file upload10.txt (compact mmCIF, N, CA and C atoms)
# COMPACT_ATOMS: atom_id res chain seq x y z
N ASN A 102 -30.39 8.07 35.17
CA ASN A 102 -29.85 9.08 36.06
C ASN A 102 -30.84 10.23 36.17
N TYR A 103 -30.76 10.95 37.29
CA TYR A 103 -31.74 11.99 37.58
C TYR A 103 -31.58 13.18 36.63
N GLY A 104 -30.41 13.81 36.66
CA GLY A 104 -30.20 15.03 35.90
C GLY A 104 -29.49 14.83 34.58
N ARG A 105 -29.72 13.69 33.94
CA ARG A 105 -29.11 13.39 32.65
C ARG A 105 -29.75 12.11 32.12
N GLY A 106 -29.34 11.72 30.91
CA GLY A 106 -29.84 10.52 30.29
C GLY A 106 -28.83 9.39 30.33
N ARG A 107 -28.14 9.19 29.21
CA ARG A 107 -27.12 8.15 29.11
C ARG A 107 -25.76 8.70 29.50
N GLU A 108 -24.93 7.84 30.08
CA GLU A 108 -23.60 8.22 30.53
C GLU A 108 -22.61 8.39 29.39
N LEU A 109 -23.06 8.27 28.14
CA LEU A 109 -22.21 8.47 26.97
C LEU A 109 -22.47 9.81 26.30
N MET A 110 -23.73 10.10 25.97
CA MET A 110 -24.07 11.39 25.37
C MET A 110 -23.67 12.54 26.29
N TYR A 111 -23.84 12.37 27.60
CA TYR A 111 -23.47 13.42 28.54
C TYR A 111 -21.96 13.65 28.52
N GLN A 112 -21.18 12.57 28.55
CA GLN A 112 -19.73 12.72 28.56
C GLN A 112 -19.23 13.31 27.25
N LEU A 113 -19.81 12.90 26.12
CA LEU A 113 -19.39 13.45 24.83
C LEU A 113 -19.54 14.96 24.81
N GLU A 114 -20.68 15.48 25.26
CA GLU A 114 -20.87 16.92 25.32
C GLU A 114 -19.82 17.58 26.20
N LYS A 115 -19.48 16.94 27.32
CA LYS A 115 -18.45 17.49 28.20
C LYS A 115 -17.10 17.56 27.48
N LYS A 116 -16.79 16.55 26.66
CA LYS A 116 -15.54 16.57 25.92
C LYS A 116 -15.56 17.62 24.82
N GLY A 117 -16.72 17.80 24.18
CA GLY A 117 -16.85 18.84 23.17
C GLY A 117 -16.54 20.23 23.70
N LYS A 118 -16.65 20.43 25.01
CA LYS A 118 -16.30 21.71 25.61
C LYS A 118 -14.85 21.74 26.05
N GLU A 119 -14.36 20.64 26.64
CA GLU A 119 -12.97 20.59 27.07
C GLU A 119 -12.02 20.78 25.90
N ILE A 120 -12.38 20.29 24.72
CA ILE A 120 -11.52 20.45 23.55
C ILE A 120 -11.39 21.92 23.19
N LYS A 121 -12.45 22.70 23.40
CA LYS A 121 -12.39 24.13 23.11
C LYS A 121 -11.51 24.86 24.12
N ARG A 122 -11.62 24.48 25.40
CA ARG A 122 -10.80 25.12 26.43
C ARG A 122 -9.32 24.86 26.19
N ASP A 123 -8.96 23.60 25.94
CA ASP A 123 -7.57 23.28 25.63
C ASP A 123 -7.13 23.95 24.34
N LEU A 124 -8.04 24.07 23.37
CA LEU A 124 -7.71 24.76 22.13
C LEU A 124 -7.33 26.21 22.39
N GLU A 125 -8.19 26.95 23.08
CA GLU A 125 -7.89 28.34 23.39
C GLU A 125 -6.58 28.46 24.16
N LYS A 126 -6.37 27.59 25.15
CA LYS A 126 -5.12 27.64 25.91
C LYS A 126 -3.92 27.35 25.02
N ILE A 127 -4.09 26.54 23.98
CA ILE A 127 -2.98 26.23 23.09
C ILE A 127 -2.72 27.38 22.14
N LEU A 128 -3.78 27.95 21.56
CA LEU A 128 -3.61 29.06 20.63
C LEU A 128 -2.97 30.27 21.29
N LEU A 129 -3.09 30.41 22.61
CA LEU A 129 -2.52 31.52 23.35
C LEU A 129 -1.29 31.12 24.15
N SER A 130 -0.78 29.91 23.95
CA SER A 130 0.38 29.43 24.69
C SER A 130 1.65 29.99 24.04
N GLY A 131 2.80 29.47 24.46
CA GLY A 131 4.07 29.89 23.91
C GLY A 131 4.83 28.76 23.25
N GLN A 132 4.11 27.71 22.85
CA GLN A 132 4.75 26.58 22.19
C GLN A 132 5.47 27.04 20.93
N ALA A 133 6.63 26.43 20.66
CA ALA A 133 7.52 26.86 19.59
C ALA A 133 7.35 26.03 18.32
N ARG A 134 6.13 25.57 18.05
CA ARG A 134 5.83 24.81 16.84
C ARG A 134 6.72 23.56 16.76
N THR A 135 6.65 22.75 17.81
CA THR A 135 7.41 21.51 17.86
C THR A 135 7.00 20.61 16.70
N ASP A 136 7.93 20.37 15.78
CA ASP A 136 7.67 19.53 14.63
C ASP A 136 8.98 18.93 14.16
N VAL A 137 8.89 17.76 13.52
CA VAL A 137 10.09 17.10 13.01
C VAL A 137 10.75 17.96 11.94
N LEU A 138 9.98 18.82 11.28
CA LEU A 138 10.50 19.70 10.24
C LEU A 138 10.65 21.11 10.79
N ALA A 139 11.88 21.61 10.81
CA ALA A 139 12.19 22.97 11.24
C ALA A 139 12.65 23.74 10.01
N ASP A 140 11.74 24.53 9.44
CA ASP A 140 11.99 25.26 8.19
C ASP A 140 12.23 24.32 7.02
N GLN A 141 11.84 23.05 7.16
CA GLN A 141 12.00 22.05 6.12
C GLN A 141 10.70 21.76 5.38
N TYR A 142 9.65 22.54 5.63
CA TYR A 142 8.38 22.33 4.93
C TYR A 142 8.60 22.35 3.42
N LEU A 143 9.05 23.49 2.91
CA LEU A 143 9.43 23.61 1.51
C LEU A 143 10.90 23.30 1.28
N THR A 144 11.67 23.06 2.34
CA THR A 144 13.08 22.71 2.27
C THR A 144 13.31 21.29 2.76
N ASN A 145 12.36 20.40 2.49
CA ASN A 145 12.47 19.02 2.93
C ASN A 145 13.49 18.27 2.08
N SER A 146 13.59 16.96 2.31
CA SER A 146 14.47 16.11 1.52
C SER A 146 14.13 16.22 0.04
N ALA A 147 15.01 15.72 -0.82
CA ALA A 147 14.81 15.81 -2.26
C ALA A 147 13.67 14.88 -2.66
N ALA A 148 13.49 14.70 -3.97
CA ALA A 148 12.39 13.88 -4.48
C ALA A 148 12.26 12.56 -3.74
N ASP A 149 13.37 12.05 -3.20
CA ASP A 149 13.34 10.82 -2.42
C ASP A 149 13.09 11.17 -0.96
N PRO A 150 11.96 10.77 -0.36
CA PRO A 150 11.72 11.10 1.05
C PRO A 150 12.63 10.33 1.99
N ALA A 151 13.89 10.74 2.08
CA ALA A 151 14.85 10.04 2.93
C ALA A 151 14.52 10.18 4.41
N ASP B 52 4.89 6.99 -10.51
CA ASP B 52 4.70 5.95 -9.51
C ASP B 52 4.98 4.60 -10.15
N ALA B 53 5.11 3.59 -9.30
CA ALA B 53 5.37 2.23 -9.75
C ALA B 53 4.81 1.26 -8.73
N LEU B 54 4.08 0.25 -9.20
CA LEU B 54 3.52 -0.75 -8.31
C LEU B 54 4.63 -1.48 -7.57
N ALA B 55 4.34 -1.88 -6.34
CA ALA B 55 5.32 -2.59 -5.54
C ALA B 55 5.74 -3.88 -6.25
N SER B 56 6.89 -4.41 -5.83
CA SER B 56 7.39 -5.64 -6.41
C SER B 56 6.37 -6.76 -6.22
N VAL B 57 6.56 -7.84 -6.99
CA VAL B 57 5.66 -8.98 -6.90
C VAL B 57 5.55 -9.46 -5.46
N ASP B 58 6.68 -9.49 -4.75
CA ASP B 58 6.72 -9.91 -3.35
C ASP B 58 6.01 -11.26 -3.18
N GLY B 59 6.55 -12.27 -3.87
CA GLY B 59 6.00 -13.61 -3.79
C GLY B 59 6.13 -14.19 -2.40
N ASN B 60 5.91 -15.50 -2.28
CA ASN B 60 5.97 -16.21 -1.00
C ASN B 60 5.29 -15.40 0.10
N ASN B 61 4.06 -14.97 -0.18
CA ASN B 61 3.27 -14.15 0.73
C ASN B 61 2.12 -14.95 1.34
N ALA B 62 2.37 -16.22 1.65
CA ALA B 62 1.34 -17.05 2.24
C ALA B 62 0.94 -16.52 3.61
N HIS B 63 -0.33 -16.71 3.95
CA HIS B 63 -0.89 -16.26 5.22
C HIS B 63 -1.80 -17.34 5.78
N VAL B 64 -2.36 -17.07 6.96
CA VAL B 64 -3.27 -17.99 7.62
C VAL B 64 -4.70 -17.61 7.26
N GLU B 65 -5.59 -18.60 7.27
CA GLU B 65 -6.99 -18.33 6.95
C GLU B 65 -7.59 -17.30 7.90
N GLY B 66 -7.37 -17.49 9.20
CA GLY B 66 -7.80 -16.52 10.19
C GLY B 66 -6.65 -16.09 11.08
N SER B 67 -6.29 -14.82 11.01
CA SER B 67 -5.18 -14.28 11.79
C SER B 67 -5.26 -12.76 11.73
N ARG B 68 -4.27 -12.12 12.35
CA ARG B 68 -4.23 -10.66 12.40
C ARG B 68 -3.74 -10.11 11.07
N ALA B 69 -4.42 -9.08 10.57
CA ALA B 69 -4.05 -8.44 9.31
C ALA B 69 -2.86 -7.53 9.58
N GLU B 70 -1.68 -7.94 9.12
CA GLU B 70 -0.48 -7.15 9.32
C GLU B 70 -0.64 -5.77 8.69
N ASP B 71 0.24 -4.85 9.10
CA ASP B 71 0.16 -3.47 8.63
C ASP B 71 0.39 -3.33 7.14
N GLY B 72 0.92 -4.36 6.48
CA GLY B 72 1.17 -4.28 5.06
C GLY B 72 2.40 -3.44 4.74
N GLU B 73 2.41 -2.89 3.54
CA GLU B 73 3.51 -2.05 3.09
C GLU B 73 3.03 -1.18 1.94
N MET B 74 3.70 -0.04 1.77
CA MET B 74 3.39 0.91 0.71
C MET B 74 4.69 1.51 0.19
N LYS B 75 4.57 2.33 -0.85
CA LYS B 75 5.72 2.99 -1.45
C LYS B 75 5.24 4.32 -2.01
N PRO B 76 5.97 5.41 -1.79
CA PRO B 76 5.53 6.72 -2.28
C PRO B 76 5.88 6.89 -3.75
N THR B 77 5.53 8.06 -4.28
CA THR B 77 5.79 8.39 -5.67
C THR B 77 7.18 8.99 -5.82
N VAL B 78 7.54 9.31 -7.06
CA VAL B 78 8.80 9.96 -7.38
C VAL B 78 8.50 11.20 -8.20
N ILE B 79 9.23 12.28 -7.93
CA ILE B 79 9.03 13.57 -8.58
C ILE B 79 10.17 13.80 -9.55
N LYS B 80 9.83 14.14 -10.79
CA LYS B 80 10.80 14.47 -11.83
C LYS B 80 10.53 15.88 -12.32
N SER B 81 11.57 16.71 -12.34
CA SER B 81 11.45 18.11 -12.71
C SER B 81 12.48 18.45 -13.77
N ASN B 82 12.15 19.46 -14.58
CA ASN B 82 13.05 19.97 -15.60
C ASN B 82 12.94 21.49 -15.63
N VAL B 83 13.86 22.12 -16.36
CA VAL B 83 13.92 23.57 -16.45
C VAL B 83 13.94 23.98 -17.92
N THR B 84 13.55 25.22 -18.16
CA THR B 84 13.45 25.76 -19.51
C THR B 84 14.78 26.35 -19.95
N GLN B 85 14.92 26.51 -21.27
CA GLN B 85 16.09 27.11 -21.88
C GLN B 85 15.68 28.32 -22.70
N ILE B 86 16.58 29.29 -22.80
CA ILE B 86 16.33 30.55 -23.49
C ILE B 86 17.01 30.50 -24.85
N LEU B 87 16.24 30.76 -25.90
CA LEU B 87 16.76 30.89 -27.26
C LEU B 87 16.55 32.32 -27.73
N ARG B 88 17.54 32.86 -28.43
CA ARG B 88 17.52 34.27 -28.78
C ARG B 88 18.27 34.48 -30.09
N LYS B 89 17.74 35.37 -30.92
CA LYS B 89 18.37 35.77 -32.17
C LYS B 89 18.45 37.29 -32.23
N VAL B 90 19.31 37.79 -33.11
CA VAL B 90 19.55 39.22 -33.24
C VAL B 90 19.64 39.58 -34.71
N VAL B 91 19.19 40.78 -35.06
CA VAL B 91 19.21 41.28 -36.43
C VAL B 91 19.57 42.75 -36.37
N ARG B 92 20.80 43.09 -36.77
CA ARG B 92 21.26 44.47 -36.84
C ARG B 92 21.40 44.85 -38.31
N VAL B 93 20.60 45.82 -38.74
CA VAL B 93 20.60 46.29 -40.12
C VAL B 93 20.54 47.81 -40.12
N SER B 94 21.49 48.44 -40.79
CA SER B 94 21.54 49.89 -40.85
C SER B 94 20.68 50.42 -41.99
N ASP B 95 20.11 51.60 -41.78
CA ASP B 95 19.32 52.24 -42.83
C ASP B 95 20.18 52.50 -44.06
N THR B 96 21.48 52.71 -43.87
CA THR B 96 22.38 52.88 -45.01
C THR B 96 22.36 51.65 -45.91
N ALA B 97 22.26 50.46 -45.32
CA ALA B 97 22.14 49.24 -46.12
C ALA B 97 20.69 48.99 -46.52
N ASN B 98 19.74 49.35 -45.66
CA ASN B 98 18.32 49.23 -45.97
C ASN B 98 17.79 50.49 -46.64
N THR B 99 18.48 50.92 -47.70
CA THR B 99 18.10 52.10 -48.45
C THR B 99 17.85 51.73 -49.91
N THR B 100 18.70 50.86 -50.45
CA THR B 100 18.58 50.44 -51.84
C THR B 100 17.57 49.30 -51.95
N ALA B 101 17.44 48.77 -53.17
CA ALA B 101 16.56 47.65 -53.46
C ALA B 101 17.35 46.57 -54.17
N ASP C 52 -5.00 -43.11 -12.79
CA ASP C 52 -4.90 -44.56 -12.83
C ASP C 52 -4.54 -45.03 -14.24
N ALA C 53 -3.52 -44.41 -14.82
CA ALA C 53 -3.08 -44.75 -16.17
C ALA C 53 -2.77 -46.23 -16.29
N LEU C 54 -2.71 -46.73 -17.52
CA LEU C 54 -2.49 -48.15 -17.76
C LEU C 54 -1.11 -48.57 -17.27
N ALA C 55 -0.84 -49.87 -17.36
CA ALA C 55 0.42 -50.43 -16.92
C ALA C 55 1.42 -50.48 -18.07
N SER C 56 2.67 -50.76 -17.73
CA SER C 56 3.72 -50.85 -18.74
C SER C 56 3.48 -52.05 -19.65
N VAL C 57 3.69 -51.86 -20.95
CA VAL C 57 3.48 -52.93 -21.90
C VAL C 57 4.38 -54.11 -21.56
N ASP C 58 3.84 -55.32 -21.73
CA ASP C 58 4.56 -56.56 -21.47
C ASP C 58 4.89 -57.19 -22.82
N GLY C 59 6.10 -56.91 -23.31
CA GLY C 59 6.54 -57.47 -24.57
C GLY C 59 6.73 -58.97 -24.56
N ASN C 60 6.75 -59.59 -23.39
CA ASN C 60 6.93 -61.03 -23.25
C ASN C 60 5.64 -61.70 -22.77
N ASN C 61 4.50 -61.23 -23.27
CA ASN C 61 3.19 -61.77 -22.89
C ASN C 61 2.94 -63.06 -23.66
N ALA C 62 3.81 -64.04 -23.42
CA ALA C 62 3.71 -65.36 -24.02
C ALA C 62 3.39 -66.38 -22.93
N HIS C 63 2.42 -67.24 -23.20
CA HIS C 63 1.96 -68.22 -22.22
C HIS C 63 1.73 -69.55 -22.92
N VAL C 64 1.55 -70.59 -22.11
CA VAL C 64 1.31 -71.93 -22.61
C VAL C 64 -0.18 -72.10 -22.88
N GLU C 65 -0.52 -73.14 -23.64
CA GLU C 65 -1.91 -73.37 -24.01
C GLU C 65 -2.71 -74.01 -22.88
N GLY C 66 -2.05 -74.69 -21.95
CA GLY C 66 -2.73 -75.35 -20.85
C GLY C 66 -2.22 -74.91 -19.49
N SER C 67 -1.95 -73.62 -19.34
CA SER C 67 -1.40 -73.07 -18.11
C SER C 67 -2.49 -72.33 -17.34
N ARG C 68 -2.31 -72.30 -16.02
CA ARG C 68 -3.22 -71.58 -15.14
C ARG C 68 -2.75 -70.14 -14.95
N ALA C 69 -3.71 -69.26 -14.66
CA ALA C 69 -3.39 -67.85 -14.44
C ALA C 69 -2.41 -67.70 -13.28
N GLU C 70 -1.74 -66.55 -13.24
CA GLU C 70 -0.73 -66.28 -12.22
C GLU C 70 -1.37 -65.56 -11.04
N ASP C 71 -0.53 -65.04 -10.14
CA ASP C 71 -0.99 -64.36 -8.93
C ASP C 71 -1.82 -63.12 -9.26
N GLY C 72 -2.42 -62.52 -8.24
CA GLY C 72 -3.23 -61.34 -8.42
C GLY C 72 -2.42 -60.17 -8.95
N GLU C 73 -3.12 -59.06 -9.14
CA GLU C 73 -2.55 -57.82 -9.67
C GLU C 73 -3.01 -56.63 -8.84
N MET C 74 -2.89 -56.77 -7.52
CA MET C 74 -3.29 -55.71 -6.61
C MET C 74 -2.50 -54.44 -6.86
N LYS C 75 -3.19 -53.39 -7.32
CA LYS C 75 -2.59 -52.08 -7.53
C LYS C 75 -3.26 -51.04 -6.64
N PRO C 76 -2.55 -49.97 -6.26
CA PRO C 76 -3.17 -48.95 -5.40
C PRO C 76 -4.16 -48.08 -6.14
N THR C 77 -4.63 -47.03 -5.47
CA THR C 77 -5.56 -46.05 -6.02
C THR C 77 -4.98 -44.65 -5.89
N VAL C 78 -3.72 -44.50 -6.30
CA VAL C 78 -2.94 -43.28 -6.11
C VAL C 78 -3.77 -42.06 -6.48
N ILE C 79 -3.78 -41.06 -5.60
CA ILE C 79 -4.52 -39.82 -5.80
C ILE C 79 -3.54 -38.66 -5.78
N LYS C 80 -3.82 -37.65 -6.60
CA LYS C 80 -3.05 -36.42 -6.62
C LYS C 80 -3.87 -35.31 -5.98
N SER C 81 -3.25 -34.57 -5.07
CA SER C 81 -3.96 -33.57 -4.28
C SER C 81 -3.12 -32.31 -4.19
N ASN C 82 -3.79 -31.22 -3.81
CA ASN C 82 -3.15 -29.93 -3.64
C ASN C 82 -3.94 -29.15 -2.59
N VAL C 83 -3.39 -28.01 -2.18
CA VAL C 83 -4.00 -27.17 -1.16
C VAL C 83 -3.99 -25.73 -1.63
N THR C 84 -4.99 -24.97 -1.19
CA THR C 84 -5.10 -23.57 -1.57
C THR C 84 -4.07 -22.73 -0.82
N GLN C 85 -3.92 -21.48 -1.27
CA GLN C 85 -2.99 -20.54 -0.67
C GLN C 85 -3.69 -19.21 -0.47
N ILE C 86 -3.48 -18.61 0.70
CA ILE C 86 -4.13 -17.36 1.07
C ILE C 86 -3.21 -16.21 0.70
N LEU C 87 -3.68 -15.33 -0.18
CA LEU C 87 -2.97 -14.13 -0.58
C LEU C 87 -3.65 -12.92 0.04
N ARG C 88 -2.87 -12.10 0.74
CA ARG C 88 -3.40 -10.95 1.46
C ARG C 88 -2.64 -9.69 1.06
N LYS C 89 -3.35 -8.57 1.06
CA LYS C 89 -2.76 -7.28 0.74
C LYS C 89 -3.41 -6.24 1.64
N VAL C 90 -2.66 -5.73 2.61
CA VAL C 90 -3.18 -4.79 3.60
C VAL C 90 -2.67 -3.40 3.27
N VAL C 91 -3.51 -2.40 3.55
CA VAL C 91 -3.17 -1.01 3.32
C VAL C 91 -3.80 -0.15 4.40
N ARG C 92 -2.98 0.54 5.18
CA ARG C 92 -3.44 1.40 6.26
C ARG C 92 -2.96 2.82 6.00
N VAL C 93 -3.90 3.74 5.84
CA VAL C 93 -3.61 5.14 5.53
C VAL C 93 -4.36 6.00 6.53
N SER C 94 -3.64 6.90 7.19
CA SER C 94 -4.26 7.78 8.17
C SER C 94 -5.36 8.61 7.53
N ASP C 95 -6.33 9.01 8.35
CA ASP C 95 -7.44 9.81 7.85
C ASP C 95 -6.99 11.22 7.48
N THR C 96 -6.00 11.75 8.18
CA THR C 96 -5.47 13.07 7.84
C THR C 96 -4.94 13.08 6.41
N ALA C 97 -4.11 12.10 6.06
CA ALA C 97 -3.61 12.01 4.69
C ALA C 97 -4.73 11.85 3.67
N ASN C 98 -5.89 11.36 4.10
CA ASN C 98 -7.02 11.19 3.19
C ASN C 98 -7.79 12.49 2.96
N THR C 99 -7.52 13.53 3.74
CA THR C 99 -8.19 14.82 3.58
C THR C 99 -7.39 15.80 2.73
N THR C 100 -6.08 15.63 2.64
CA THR C 100 -5.26 16.53 1.84
C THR C 100 -5.64 16.44 0.37
N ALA C 101 -5.06 17.34 -0.42
CA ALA C 101 -5.30 17.40 -1.86
C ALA C 101 -3.96 17.30 -2.58

call {"tool": "encode", "arguments": {"input": "upload10.txt", "output": "structure tokens"}}
result
Amino acid sequence: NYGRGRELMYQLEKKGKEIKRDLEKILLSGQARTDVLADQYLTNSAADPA
Amino acid sequence: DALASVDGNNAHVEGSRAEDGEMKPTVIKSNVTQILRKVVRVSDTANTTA
Amino acid sequence: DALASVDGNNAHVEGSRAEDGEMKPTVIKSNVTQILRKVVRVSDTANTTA
């Protein structure tokens, strides 16, 4: 290709930037910490992981 | 922890897909402490003689 | 190819001809191997925790 080398190294670099953009958008979003555990981190099931 | 059961009759094919297998987590055992206490009340009136 | 059963009546005449043949098989004992497999799949995230 004229303005690049291999179609893999070029795409990887593009993804390395998109991950940062989505990261910033996520860190500044309003997501409510969607997780299977809601205040159950230290309040999870007993010794038996039911 | 405890190793999984023998799980006999586990015959397989020479060439085939490696199934996901199976695992088992650990078990947590906890205990609590107990308080032991003694008391000694002695008056100087009694702790005066020999 | 163990020996044959003892013939307690192995009595013959002095001027008798031999009897019929003694065609016996060549019985073979055989077995087959068994494939034992143990698969374990653990996420990479779980491999980073302490």

call {"tool": "calpha_fit_and_write", "arguments": {"input": "upload10.txt", "fixed": "chain B", "moving": "chain C", "output": "compact mmCIF listing (two decimals) with N, CA and C atoms, in the frame of the given file"}}
result
# COMPACT_ATOMS: atom_id res chain seq x y z
N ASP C 52 2.95 6.84 -10.40
CA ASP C 52 2.70 5.99 -9.24
C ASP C 52 2.41 4.56 -9.68
N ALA C 53 3.25 4.03 -10.56
CA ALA C 53 3.08 2.67 -11.07
C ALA C 53 2.99 1.66 -9.94
N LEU C 54 2.48 0.47 -10.25
CA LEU C 54 2.28 -0.55 -9.23
C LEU C 54 3.61 -1.01 -8.66
N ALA C 55 3.54 -1.88 -7.65
CA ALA C 55 4.72 -2.40 -6.99
C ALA C 55 5.18 -3.69 -7.65
N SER C 56 6.38 -4.13 -7.27
CA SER C 56 6.93 -5.36 -7.81
C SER C 56 6.12 -6.56 -7.35
N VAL C 57 5.87 -7.50 -8.26
CA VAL C 57 5.10 -8.67 -7.92
C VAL C 57 5.78 -9.44 -6.79
N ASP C 58 4.96 -9.98 -5.88
CA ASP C 58 5.43 -10.76 -4.75
C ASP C 58 5.10 -12.22 -5.02
N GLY C 59 6.07 -12.94 -5.57
CA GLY C 59 5.88 -14.35 -5.86
C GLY C 59 5.73 -15.22 -4.63
N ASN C 60 6.04 -14.71 -3.45
CA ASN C 60 5.94 -15.45 -2.20
C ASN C 60 4.80 -14.91 -1.33
N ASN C 61 3.69 -14.53 -1.96
CA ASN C 61 2.53 -13.98 -1.26
C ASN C 61 1.74 -15.13 -0.64
N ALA C 62 2.40 -15.85 0.27
CA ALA C 62 1.80 -16.95 1.01
C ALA C 62 1.69 -16.56 2.48
N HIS C 63 0.52 -16.80 3.06
CA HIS C 63 0.25 -16.41 4.45
C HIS C 63 -0.51 -17.53 5.14
N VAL C 64 -0.60 -17.41 6.46
CA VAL C 64 -1.29 -18.39 7.28
C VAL C 64 -2.78 -18.04 7.31
N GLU C 65 -3.59 -19.01 7.74
CA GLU C 65 -5.03 -18.80 7.76
C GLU C 65 -5.48 -17.98 8.97
N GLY C 66 -4.69 -17.94 10.03
CA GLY C 66 -5.04 -17.20 11.23
C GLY C 66 -3.99 -16.19 11.63
N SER C 67 -3.40 -15.51 10.66
CA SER C 67 -2.33 -14.55 10.89
C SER C 67 -2.87 -13.13 10.77
N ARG C 68 -2.22 -12.23 11.50
CA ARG C 68 -2.56 -10.81 11.45
C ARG C 68 -1.75 -10.11 10.37
N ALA C 69 -2.31 -9.02 9.85
CA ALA C 69 -1.63 -8.24 8.81
C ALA C 69 -0.29 -7.73 9.32
N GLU C 70 0.58 -7.38 8.38
CA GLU C 70 1.93 -6.92 8.71
C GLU C 70 1.95 -5.40 8.82
N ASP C 71 3.15 -4.83 8.88
CA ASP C 71 3.33 -3.38 9.04
C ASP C 71 2.73 -2.61 7.87
N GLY C 72 2.70 -1.29 7.99
CA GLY C 72 2.16 -0.44 6.95
C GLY C 72 2.95 -0.55 5.66
N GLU C 73 2.49 0.20 4.67
CA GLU C 73 3.08 0.23 3.33
C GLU C 73 3.23 1.67 2.85
N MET C 74 3.80 2.50 3.72
CA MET C 74 4.01 3.90 3.39
C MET C 74 4.91 4.06 2.18
N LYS C 75 4.34 4.58 1.08
CA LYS C 75 5.10 4.87 -0.13
C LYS C 75 5.05 6.36 -0.45
N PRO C 76 6.06 6.90 -1.13
CA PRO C 76 6.04 8.34 -1.44
C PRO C 76 5.07 8.68 -2.54
N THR C 77 5.12 9.93 -3.00
CA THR C 77 4.29 10.45 -4.08
C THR C 77 5.17 11.05 -5.17
N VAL C 78 6.19 10.29 -5.58
CA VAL C 78 7.23 10.74 -6.49
C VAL C 78 6.61 11.48 -7.67
N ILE C 79 7.15 12.66 -7.98
CA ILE C 79 6.68 13.49 -9.09
C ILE C 79 7.83 13.70 -10.06
N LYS C 80 7.49 13.76 -11.35
CA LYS C 80 8.45 14.07 -12.39
C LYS C 80 8.19 15.48 -12.90
N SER C 81 9.25 16.28 -13.00
CA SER C 81 9.11 17.69 -13.34
C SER C 81 10.18 18.07 -14.35
N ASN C 82 9.96 19.21 -15.00
CA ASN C 82 10.88 19.75 -15.98
C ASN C 82 10.73 21.27 -15.98
N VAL C 83 11.62 21.94 -16.70
CA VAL C 83 11.63 23.40 -16.77
C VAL C 83 11.78 23.82 -18.22
N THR C 84 11.21 24.97 -18.55
CA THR C 84 11.28 25.49 -19.91
C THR C 84 12.67 26.04 -20.21
N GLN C 85 12.91 26.31 -21.49
CA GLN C 85 14.18 26.86 -21.95
C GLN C 85 13.91 28.01 -22.89
N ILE C 86 14.67 29.09 -22.72
CA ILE C 86 14.49 30.31 -23.50
C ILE C 86 15.44 30.26 -24.69
N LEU C 87 14.88 30.29 -25.90
CA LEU C 87 15.64 30.33 -27.14
C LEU C 87 15.52 31.72 -27.74
N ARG C 88 16.66 32.33 -28.04
CA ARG C 88 16.70 33.70 -28.55
C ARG C 88 17.51 33.75 -29.83
N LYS C 89 17.12 34.65 -30.72
CA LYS C 89 17.82 34.85 -31.98
C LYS C 89 17.79 36.34 -32.29
N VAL C 90 18.93 37.00 -32.18
CA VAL C 90 19.04 38.45 -32.36
C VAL C 90 19.68 38.73 -33.70
N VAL C 91 19.24 39.83 -34.33
CA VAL C 91 19.77 40.25 -35.61
C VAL C 91 19.79 41.77 -35.67
N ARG C 92 20.97 42.36 -35.81
CA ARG C 92 21.14 43.80 -35.88
C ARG C 92 21.79 44.16 -37.20
N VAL C 93 21.08 44.94 -38.01
CA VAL C 93 21.54 45.33 -39.35
C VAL C 93 21.42 46.84 -39.45
N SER C 94 22.51 47.50 -39.83
CA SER C 94 22.50 48.95 -39.96
C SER C 94 21.45 49.39 -40.97
N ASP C 95 20.97 50.62 -40.79
CA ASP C 95 19.96 51.15 -41.69
C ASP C 95 20.54 51.44 -43.07
N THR C 96 21.80 51.81 -43.14
CA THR C 96 22.45 52.04 -44.43
C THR C 96 22.40 50.78 -45.28
N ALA C 97 22.81 49.64 -44.71
CA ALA C 97 22.73 48.38 -45.44
C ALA C 97 21.31 48.03 -45.86
N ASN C 98 20.31 48.58 -45.17
CA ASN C 98 18.92 48.31 -45.51
C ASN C 98 18.43 49.16 -46.68
N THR C 99 19.19 50.17 -47.09
CA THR C 99 18.80 51.03 -48.21
C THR C 99 19.43 50.59 -49.53
N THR C 100 20.54 49.87 -49.49
CA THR C 100 21.18 49.41 -50.72
C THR C 100 20.28 48.46 -51.48
N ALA C 101 20.71 48.11 -52.69
CA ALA C 101 19.98 47.19 -53.56
C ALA C 101 20.90 46.04 -53.94

call {"tool": "select_by_dssp", "arguments": {"input": "upload10.txt", "residues": "chain C", "states": "helix (DSSP H, G or I)", "output": "PyMOL selection string"}}
result
chain C and resi 95-99

call {"tool": "interface_residues", "arguments": {"input": "upload10.txt", "of": "chain A", "to": "chain B", "cutoff": "8 Å", "atoms": "all atoms listed in the file", "output": "number ranges by chain"}}
result
A: 147-150

call {"tool": "interface_residues", "arguments": {"input": "upload10.txt", "of": "chain C", "to": "chain B", "cutoff": "7 Å", "atoms": "only C-alpha atoms", "output": "number ranges by chain"}}
result
C: 85-92

call {"tool": "atom_distance", "arguments": {"input": "upload10.txt", "atom1": "atom N of residue A:105", "atom2": "atom CA of residue A:119"}}
result
19.4 Å

call {"tool": "atom_distance", "arguments": {"input": "upload10.txt", "atom1": "atom CA of residue A:143", "atom2": "atom CA of residue B:82"}}
result
17.9 Å

call {"tool": "atom_distance", "arguments": {"input": "upload10.txt", "atom1": "atom CA of residue C:101", "atom2": "atom CA of residue A:122"}}
result
29.8 Å

call {"tool": "axis_aligned_box", "arguments": {"input": "upload10.txt", "around": "stretch 68-81 of chain C", "padding_each_side": "5 Å", "output": "lines of an AutoDock Vina configuration file"}}
result
center_x = -3.0
center_y = -52.3
center_z = -10.1
size_x = 15.0
size_y = 50.0
size_z = 21.8
